[PDB]
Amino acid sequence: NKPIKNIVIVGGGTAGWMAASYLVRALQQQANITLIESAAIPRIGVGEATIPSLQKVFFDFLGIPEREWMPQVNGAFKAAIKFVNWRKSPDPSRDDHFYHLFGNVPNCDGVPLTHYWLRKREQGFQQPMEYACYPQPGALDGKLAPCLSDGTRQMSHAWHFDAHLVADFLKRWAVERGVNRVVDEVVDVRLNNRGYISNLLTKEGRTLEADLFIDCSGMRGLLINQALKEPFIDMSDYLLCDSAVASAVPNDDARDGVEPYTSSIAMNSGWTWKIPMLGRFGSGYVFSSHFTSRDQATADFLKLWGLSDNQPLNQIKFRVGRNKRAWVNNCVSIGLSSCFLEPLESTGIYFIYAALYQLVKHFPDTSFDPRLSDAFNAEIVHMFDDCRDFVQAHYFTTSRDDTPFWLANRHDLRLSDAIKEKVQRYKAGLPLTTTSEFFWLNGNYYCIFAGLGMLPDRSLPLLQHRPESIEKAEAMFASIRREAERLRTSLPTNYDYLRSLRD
């Protein structure tokens, strides 16, 4: 069976160039890659915060270290997501914030630290879960960097970057290693009787042909949805947000610093992201068209940052779900042409590079062994499904009841059987998945659940039997405090740290 030799990618957004660079890297020989991108159809000018796997899976795979791509994409550090007003009905006079931090929680004698903490909360300990279990939340509060000045790593971190530049950086990178860039628009797609893709017909006259097609076309799914007719499984019964109003905002870095984290500020009918980088931050009120008009959400979005009705904006509509199948025949969808959830925990870019890893792990020849396509499709489903559990979990555990949208999340959602079982295990008091990557651990469910004020019914029956164990955990809590303390006096601010990679 002839190998796959000519590859066409449709689209030059983030999904498009990640595919070109990844595929140009994985396919060391017999590979010919063309990416076509309509300059009439712009990129979705967002997608800016990330999870730690980006370096390990994407950039390391390319052979580009953090210090090389960060400066060139206005890169900044994300140590966590800070959740603001998700817990109770909001109150200006109350401090309703929790972090969701990266990195694992230690175990004491085979039981995670979260669980020794809860036994303490049961005796009237007051300190919230994350401040007790992780060394860094206080640092983030003080806007500290995740490294010492000299560059040594002091916490787990992910990144915030400018979406446009990220695309340009990889465009330069890819073209350079022989990727062939075509600026044209695809208008017709031709199938054969069997139902495969023989050719793309472009606006400027070109007929495009290849063994293999990557649909990186955005939510229009030009190849996968339209041409190939593959169903999109709508999932608004699971998660309600379907729209966003976004923009960049000036930051006075020199006086307010630059937060080393993403914020998610709960609103009336959605929530708003804050993604700081040097000079500015990206922000977006992700909302639900069912519960608020787009014009009302604009008003809320401007009201929240004191913007002016003169401020240019990015008005966005999004589809929530996954194609029945990510890869059909000789077409594979990567990015928004495939499955989205909502930006709440940055699972998007992750769906891109994780899919490309799976694509290469399942790479076909021209016979198109459907056993490879099936295996691939199943991994996409599981990755997507897992993520959906976790995002969904931010919503149905809420105590807020002050708006129709918060009522619905609390009440009206369709919940997988898998998220119900996890919730019920947490409610009985059992740790979730711990460790000593295929992903969301006890520590993650715990920050989220504990942050929204749904705690387990009790601490572990087992603990009554292991008093020494309890003591050892006391010591581990004591180290953590020491570490938190050292960091306070040792990290440079995030503003100052970033400022020196070249200003």
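All residue numbers are counted from 1 along the displayed sequence.
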Quiz item: How many residues that are in the deposited sequence but not in the model lie between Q29 and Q30: none, 1 to 3, 4 to 9, or 10 or more?
Solution: none
Practice problem: Taking the mean of the C-alpha B-factors per stretch from the entry, tell me the winner out of 394-402 and 144-152. | Solution: 144-152
Exercise. Give the stretch, out of 295-303 and 427-435, with the larger mean C-alpha temperature factor in the deposited entry.
Key: 427-435
Self-check item: Top residue by Cα temperature factor, when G335, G284, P364, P92 are compared in the entry
Solution: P92
Self-check item: Of the residues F477, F449, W69, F58, the one carrying the largest Cα B-factor as recorded
Solution: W69
Quiz item: Lowest, middle or highest third: where is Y196 by C-alpha B factor in its chain?
Solution: highest
Quiz item: With respect to C-alpha B-factor, does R25 fall in the lowest, middle or highest third of the chain as deposited?
Solution: lowest
Quiz prompt | For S459, the third of its chain into which the C-alpha B factor falls | solution = lowest
Quiz item: Lowest, middle or highest third: where is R322 by Cα B-factor in its chain?
Solution: lowest
Exercise. Select lowest, middle or highest to describe the third in which the CA B-factor of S217 falls within its chain in this entry.
Key: middle
